[PDB]
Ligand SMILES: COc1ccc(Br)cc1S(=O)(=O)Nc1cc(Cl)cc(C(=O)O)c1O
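The chain below stands alone and is given as C-alpha cells, in the form deposited without the named molecule.
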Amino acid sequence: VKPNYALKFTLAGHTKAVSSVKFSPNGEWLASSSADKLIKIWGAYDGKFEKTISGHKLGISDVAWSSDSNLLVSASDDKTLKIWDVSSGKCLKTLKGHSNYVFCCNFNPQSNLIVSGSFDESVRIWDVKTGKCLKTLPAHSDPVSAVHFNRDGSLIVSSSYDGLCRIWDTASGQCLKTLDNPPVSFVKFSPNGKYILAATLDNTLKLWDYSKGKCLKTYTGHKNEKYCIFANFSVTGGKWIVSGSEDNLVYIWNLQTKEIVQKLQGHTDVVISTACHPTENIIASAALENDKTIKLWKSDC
C-alpha cells in the first residue's frame, strides 16, 4: 500500500549544487553531475565513492548512462556534451554544435545515438561512435528542459520553457505530436512507452496517454515553480511516482490513486534530482547549493 523509504547513506563530495543523479542499468553504480564541473561515480548499494570524472570547462546539468553501463554522457554550460568511458574515466568524444548551455541528455536503448537539449532552443541527435551531429531539430522557442527516448528508440519526447511537449520521430527528426501553457520543466516516457510523465512549473506532474493525447493522472502536493526537477516511475515494488520538490522533500505518490504515500525529509535545499534503482527499492536524491549532497533511501516495498 505504502513504501517505507528510510535514509541509508549521505554522499558528500561535490563542491557546488548537484544537478542530476542516475543509476547505471546494471544497478551497480550511481553517477552524479554537478555545477562544480565534475561527474562522480558511487556504489549504488553502499554509497562508496569510486571516482571523479573531469574535463568539462563549466558546470554540468545532466548525466546519462548507456544501455550496457559502460559509457556516460554529460551536458554542460561549456556548450558541449562529453562521452566518457566509465572504467577509465577518459573522455572519448566531445560533441560540439550547440550554441548555448547543454541542459539535458540521454542515450537511446541501442546506445548508438545521444539526444540533447539546450538553451539554444534546439534538440540535437548525435552519433555515439563518431561524435558527429546527425540532426538538429528546431524543436522549441525557449530552452529545452528534457529529452528522452522511448523503449524501442523510435521516438524522442522533448519539453521546454515555451510550454510545449513534443514527440519526435528519431529516424526523420520530424514532429509526430505536440501536446494555460505553463513552462514544461521535465518529461520522460514511462517504462512501457505508453505514457509520458510531464512536470510543469505550476506545482503539477501529469501522466499523459501519448497516442490518445489525453491526461490520465495528475500528481500534486509538492512545490515546483522555479527549477527543472526530475521525476520518475518507481516499478521495483509498488507502482509509484517519485519527484523532488522546492520545499526540500522527496515526494512519492501512488501512481493509480494519485495519493501522496511518503515524503522523505533530510535535504536542506531544493531536491533537484531523484532516481529509482532498476532492481532494488532504492531512491537516490540530490540537492542544490545549500546542501550539495546525495542521499540513498531504501524501502521494503
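Numbers follow the displayed sequence, beginning with 1.
We do not show the form deposited with the named molecule bound, though everything after this point is about it.
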Among the candidates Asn112, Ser190, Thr136, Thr94, the residue which, in the entry with it bound, approaches the named molecule to within 4.5 Å (heavy atoms): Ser190
Interface residue in the entry with it bound among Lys217, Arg166, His222, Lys79, criterion: non-hydrogen atom within 4.5 angstroms of the named molecule: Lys217
Stretch from 231 to 239, 65 to 73, 260 to 268, 49 to 57 whose residues place a heavy atom within 4.5 Å of the named molecule in the entry with it bound: 231 to 239
Residue contact check: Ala198 to the named molecule in the entry with it bound, 4.5 Å heavy atom: no
4.5 angstroms heavy atom contact with the named molecule in the entry with it bound for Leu255: yes
Residue contact check: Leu207 to the named molecule in the entry with it bound, 4.5 Å heavy atom: yes
